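Chemist: Please find the sequence and an experimentally derived structure below.
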Amino acid sequence: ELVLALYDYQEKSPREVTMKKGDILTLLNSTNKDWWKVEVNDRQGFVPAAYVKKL
């Protein structure tokens, strides 16, 4: 599963990752309603679910 970054997001805790608007991220875990685990290049961590769109 791939998701599209709708907004920039800068990581704010150890478990988070940074993404840029337009990035295509690999979705690893979407069980939480608020925070989804993605892979952004070579890093894995959480971004807000509202800021990505499943493709």
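Modeler: Ah, there it is. Numbering: from 1, shown residues only.
Chemist: Next, residue 49: phi, psi?
Modeler: phi -60, psi -30 (degrees, to the nearest 10).
Chemist: So what's the residue count around it?
Modeler: Neighbours of residue 49 under the rule other Cβ atoms under 10 Å: 17. C-beta here means a position set from N, CA and C on the backbone, and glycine is covered the same way.
Chemist: That one touches residue 35, doesn't it?
Modeler: Yes - taking Cβ atoms under 8 Å as the definition, residue 49 is a contact partner of residue 35 at 6.3 Å.
Chemist: how near is the residue nearest the centre of the chain to residue 33?
Modeler: Centroid check for the chain by Cα atoms, centre = their mean gives residue 47 as the closest residue, at 4.1 Å. Taking Cβ to Cβ, to the nearest Å as the measure, residue 47 falls 13 Å from residue 33.
Chemist: residues shared between the contacts of those two?
Modeler: Shared contacts of residue 47 and residue 33, defined by Cβ atoms under 8 Å, 6 or more residues apart in numbering, are absent.
Chemist: helix or strand for the residue nearest to the centre of the chain, which one?
Modeler: strand 43-48 (DSSP states H and E).
Chemist: What helices and strands are in contact with that strand?
Modeler: Other helices and strands packing on strand 43-48, by 3 or more Cβ pairs under 8 Å, 6 or more residues apart in numbering; DSSP states H and E, are strand 35-40.
Chemist: who does the strand it packs on pair up with?
Modeler: With DSSP bridges as the test, strand 35-40 is paired with strand 24-29 (antiparallel), strand 43-48 (antiparallel).
Chemist: With distance to residue 3 as new columns, can those strands be given to me in a markdown table?
Modeler: As requested, those are exported to a markdown table (distance: least, Cβ to Cβ, whole Å):
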| stretch | distance to residue 3 |
| --- | --- |
| strand 24-29 | 5 |
| strand 43-48 | 9 |
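Chemist: just these: most buried one?
Modeler: Here the criterion is mean neighbour count by mean count of other Cβ atoms under 10 Å, and of the strands paired with strand 35-40 the winner is strand 43-48, at a mean of 17.
Chemist: Residue 6 and residue 15, how far apart?
Modeler: 21 Å.
Chemist: whoops, residue 42 was the one
Modeler: Distance from residue 42 to residue 15, by Cβ to Cβ: 16 Å.
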